[PDB]
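Shown here is one chain on its own, the form deposited in one PDB entry, set out as C-alpha coordinates.
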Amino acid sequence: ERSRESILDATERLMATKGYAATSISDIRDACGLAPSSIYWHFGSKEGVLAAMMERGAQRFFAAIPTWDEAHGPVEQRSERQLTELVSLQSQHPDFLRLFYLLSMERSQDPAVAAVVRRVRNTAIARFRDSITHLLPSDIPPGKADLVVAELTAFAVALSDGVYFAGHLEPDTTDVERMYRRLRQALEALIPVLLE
(Lines give C-alpha, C1' and ligand atoms only; values in the text may rest on other atoms or scores of the structure.)
Protein backbone atom coordinates (compact mmCIF):
# COMPACT_ATOMS: atom_id res chain seq x y z
CA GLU A 1 0.00 0.00 0.00
CA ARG A 2 1.02 3.59 -0.67
CA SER A 3 -0.61 4.47 2.65
CA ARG A 4 1.31 1.88 4.67
CA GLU A 5 4.63 3.27 3.46
CA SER A 6 3.54 6.83 4.28
CA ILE A 7 2.97 5.92 7.93
CA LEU A 8 6.27 4.07 8.35
CA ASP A 9 8.19 6.87 6.62
CA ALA A 10 6.67 9.42 8.98
CA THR A 11 7.23 7.15 11.98
CA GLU A 12 10.92 6.70 11.15
CA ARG A 13 11.60 10.42 10.91
CA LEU A 14 9.53 11.24 13.98
CA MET A 15 11.21 8.66 16.22
CA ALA A 16 14.65 9.49 14.86
CA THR A 17 13.86 13.06 15.83
CA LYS A 18 11.70 12.69 18.97
CA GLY A 19 12.34 9.13 20.16
CA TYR A 20 9.67 6.45 20.73
CA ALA A 21 7.91 7.76 23.85
CA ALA A 22 7.34 11.30 22.60
CA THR A 23 6.05 10.20 19.20
CA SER A 24 2.25 10.27 19.22
CA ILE A 25 -0.15 8.50 16.90
CA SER A 26 -1.37 12.09 16.54
CA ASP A 27 2.10 13.25 15.47
CA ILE A 28 2.25 10.50 12.86
CA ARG A 29 -1.02 11.77 11.39
CA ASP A 30 0.32 15.32 11.27
CA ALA A 31 3.26 14.04 9.23
CA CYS A 32 1.61 11.50 6.90
CA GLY A 33 -1.88 13.01 6.65
CA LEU A 34 -3.59 9.71 7.51
CA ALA A 35 -6.14 9.80 10.35
CA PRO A 36 -5.43 7.85 13.60
CA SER A 37 -8.30 5.48 12.81
CA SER A 38 -6.58 4.63 9.52
CA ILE A 39 -3.27 4.11 11.32
CA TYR A 40 -4.87 1.83 13.91
CA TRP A 41 -6.70 0.01 11.13
CA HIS A 42 -3.39 -0.85 9.45
CA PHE A 43 -0.96 -1.65 12.28
CA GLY A 44 -3.41 -2.06 15.17
CA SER A 45 -1.45 0.09 17.64
CA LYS A 46 1.70 2.15 18.20
CA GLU A 47 3.77 -0.96 18.95
CA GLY A 48 2.25 -2.60 15.88
CA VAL A 49 3.57 0.34 13.87
CA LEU A 50 7.01 0.12 15.47
CA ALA A 51 7.22 -3.58 14.59
CA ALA A 52 6.28 -3.20 10.91
CA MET A 53 8.64 -0.22 10.76
CA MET A 54 11.43 -2.32 12.21
CA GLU A 55 10.73 -5.34 10.01
CA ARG A 56 10.82 -3.60 6.62
CA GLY A 57 14.03 -2.00 7.86
CA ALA A 58 15.38 -5.55 8.12
CA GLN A 59 13.99 -6.61 4.75
CA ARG A 60 16.00 -3.79 3.18
CA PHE A 61 19.15 -4.53 5.20
CA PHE A 62 19.08 -8.13 3.99
CA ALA A 63 18.15 -7.38 0.37
CA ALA A 64 21.21 -5.12 0.14
CA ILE A 65 23.23 -8.28 0.78
CA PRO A 66 23.08 -10.98 -1.90
CA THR A 67 22.67 -14.65 -0.98
CA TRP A 68 25.41 -17.05 -2.06
CA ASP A 69 23.64 -18.07 -5.26
CA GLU A 70 23.01 -14.40 -5.98
CA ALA A 71 26.76 -14.55 -6.23
CA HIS A 72 28.32 -13.59 -8.91
CA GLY A 73 31.81 -14.56 -10.01
CA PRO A 74 33.76 -17.86 -9.85
CA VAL A 75 33.58 -17.99 -6.02
CA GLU A 76 35.81 -14.91 -6.08
CA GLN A 77 35.09 -14.73 -2.87
CA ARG A 78 31.90 -15.59 -2.75
CA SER A 79 32.91 -13.25 0.10
CA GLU A 80 33.29 -9.85 -1.91
CA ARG A 81 30.01 -8.13 -1.37
CA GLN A 82 28.88 -10.42 1.43
CA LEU A 83 31.57 -9.03 3.69
CA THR A 84 31.91 -5.73 1.76
CA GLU A 85 28.16 -5.09 1.90
CA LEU A 86 27.96 -6.17 5.54
CA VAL A 87 30.85 -3.79 6.21
CA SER A 88 29.24 -0.85 4.40
CA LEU A 89 25.87 -1.75 5.89
CA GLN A 90 27.23 -0.72 9.16
CA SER A 91 27.67 2.92 8.28
CA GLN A 92 25.23 4.93 10.42
CA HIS A 93 22.41 2.80 9.29
CA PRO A 94 22.52 0.58 12.27
CA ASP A 95 19.24 2.36 12.94
CA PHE A 96 17.19 -0.76 12.66
CA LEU A 97 20.05 -2.59 14.44
CA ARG A 98 19.80 -0.48 17.61
CA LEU A 99 16.04 -0.92 17.50
CA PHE A 100 16.45 -4.68 17.13
CA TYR A 101 18.75 -5.09 20.13
CA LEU A 102 16.46 -2.82 22.16
CA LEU A 103 13.34 -4.79 21.21
CA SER A 104 15.08 -8.12 21.82
CA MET A 105 15.47 -7.30 25.51
CA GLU A 106 12.01 -5.77 25.99
CA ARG A 107 9.93 -7.42 28.70
CA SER A 108 6.21 -8.28 28.43
CA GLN A 109 6.57 -7.81 24.69
CA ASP A 110 3.67 -7.16 22.33
CA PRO A 111 3.09 -10.32 20.23
CA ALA A 112 3.54 -8.55 16.89
CA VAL A 113 6.91 -7.21 18.05
CA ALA A 114 8.17 -10.51 19.47
CA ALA A 115 7.30 -12.20 16.18
CA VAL A 116 9.20 -9.59 14.17
CA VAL A 117 12.26 -9.84 16.43
CA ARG A 118 12.25 -13.61 15.98
CA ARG A 119 11.92 -13.47 12.19
CA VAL A 120 14.77 -10.97 11.88
CA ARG A 121 17.08 -12.94 14.19
CA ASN A 122 16.26 -16.21 12.42
CA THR A 123 16.83 -14.57 9.05
CA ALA A 124 20.22 -13.21 10.08
CA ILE A 125 21.24 -16.63 11.40
CA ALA A 126 20.00 -18.26 8.20
CA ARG A 127 22.00 -15.81 6.08
CA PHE A 128 25.26 -16.50 7.91
CA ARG A 129 24.52 -20.21 7.62
CA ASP A 130 24.13 -19.83 3.85
CA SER A 131 27.60 -18.31 3.45
CA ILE A 132 29.45 -20.51 5.94
CA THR A 133 28.45 -23.90 4.45
CA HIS A 134 30.66 -23.05 1.48
CA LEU A 135 33.74 -22.72 3.70
CA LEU A 136 33.75 -26.48 4.33
CA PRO A 137 35.34 -29.17 2.13
CA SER A 138 32.77 -30.92 -0.06
CA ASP A 139 33.74 -34.40 1.15
CA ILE A 140 32.50 -33.77 4.69
CA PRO A 141 29.53 -36.01 5.58
CA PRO A 142 26.36 -33.80 5.64
CA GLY A 143 25.36 -34.63 9.22
CA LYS A 144 28.85 -33.82 10.47
CA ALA A 145 28.77 -30.67 8.34
CA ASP A 146 25.49 -29.55 9.92
CA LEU A 147 27.07 -29.61 13.37
CA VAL A 148 30.18 -27.67 12.32
CA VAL A 149 28.22 -25.12 10.29
CA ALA A 150 25.77 -24.52 13.15
CA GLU A 151 28.62 -23.85 15.58
CA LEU A 152 30.49 -21.55 13.21
CA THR A 153 27.23 -19.73 12.46
CA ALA A 154 26.49 -19.12 16.13
CA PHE A 155 30.06 -17.87 16.49
CA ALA A 156 29.83 -15.48 13.53
CA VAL A 157 26.44 -14.12 14.60
CA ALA A 158 27.84 -13.47 18.07
CA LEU A 159 30.82 -11.60 16.65
CA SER A 160 28.60 -9.61 14.29
CA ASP A 161 26.36 -8.63 17.20
CA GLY A 162 29.48 -7.47 19.01
CA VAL A 163 30.49 -5.32 16.04
CA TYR A 164 27.42 -3.09 16.43
CA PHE A 165 28.24 -2.39 20.07
CA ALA A 166 31.91 -1.81 19.29
CA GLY A 167 30.86 0.79 16.73
CA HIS A 168 28.35 2.24 19.18
CA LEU A 169 30.51 2.31 22.33
CA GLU A 170 33.87 2.85 20.63
CA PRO A 171 33.01 4.61 17.34
CA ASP A 172 36.36 6.43 17.21
CA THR A 173 38.72 3.45 17.42
CA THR A 174 36.56 0.73 15.82
CA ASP A 175 37.35 -0.57 12.34
CA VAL A 176 34.31 -2.49 11.10
CA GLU A 177 35.92 -3.89 7.95
CA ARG A 178 38.99 -5.07 9.85
CA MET A 179 36.84 -6.85 12.44
CA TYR A 180 34.88 -8.85 9.87
CA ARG A 181 38.21 -9.71 8.30
CA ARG A 182 39.34 -11.22 11.59
CA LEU A 183 36.03 -13.09 11.71
CA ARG A 184 36.46 -14.90 8.40
CA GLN A 185 40.08 -15.56 9.34
CA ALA A 186 38.87 -16.95 12.67
CA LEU A 187 36.24 -19.10 10.96
CA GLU A 188 38.77 -20.51 8.50
CA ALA A 189 41.03 -21.39 11.42
CA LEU A 190 38.21 -22.96 13.45
CA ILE A 191 37.08 -25.30 10.66
CA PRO A 192 39.99 -27.75 11.02
CA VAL A 193 39.65 -27.59 14.82
CA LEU A 194 35.94 -28.44 14.71
CA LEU A 195 36.38 -31.45 12.43
CA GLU A 196 39.02 -32.88 14.78
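For every residue, the number given is its place in the sequence shown, counted from 1.
Taking the mean C-alpha B-factor of each stretch as recorded, 69-77 and 108-116 are not equal, and the higher mean is that of 69-77. For the pair 56-64 and 127-135, the mean B factor over Cα atoms is greater in 56-64.
In this structure the maximum Cα B-factor among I25, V176, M15, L187 is found at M15. In the PDB entry, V49 places in the middle third of its chain by CA B-factor.
Ranked by Cα temperature factor within the chain, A10 sits in the middle third according to the deposited record.
Below, we turn to the form deposited in another entry, even though it does not appear here.
When each C-alpha is placed with whichever rigid part superposes it better, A189 ends up alongside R119 in the two-part motion between this form and the one not shown. Figure legend: C-alpha atoms of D161 and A21, shown here, are separated by at least 3 angstroms less in that other deposited form.
With a change of no less than 3 Å, the CA-CA distance between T67 and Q185 is larger in that other deposited form than in the form shown.
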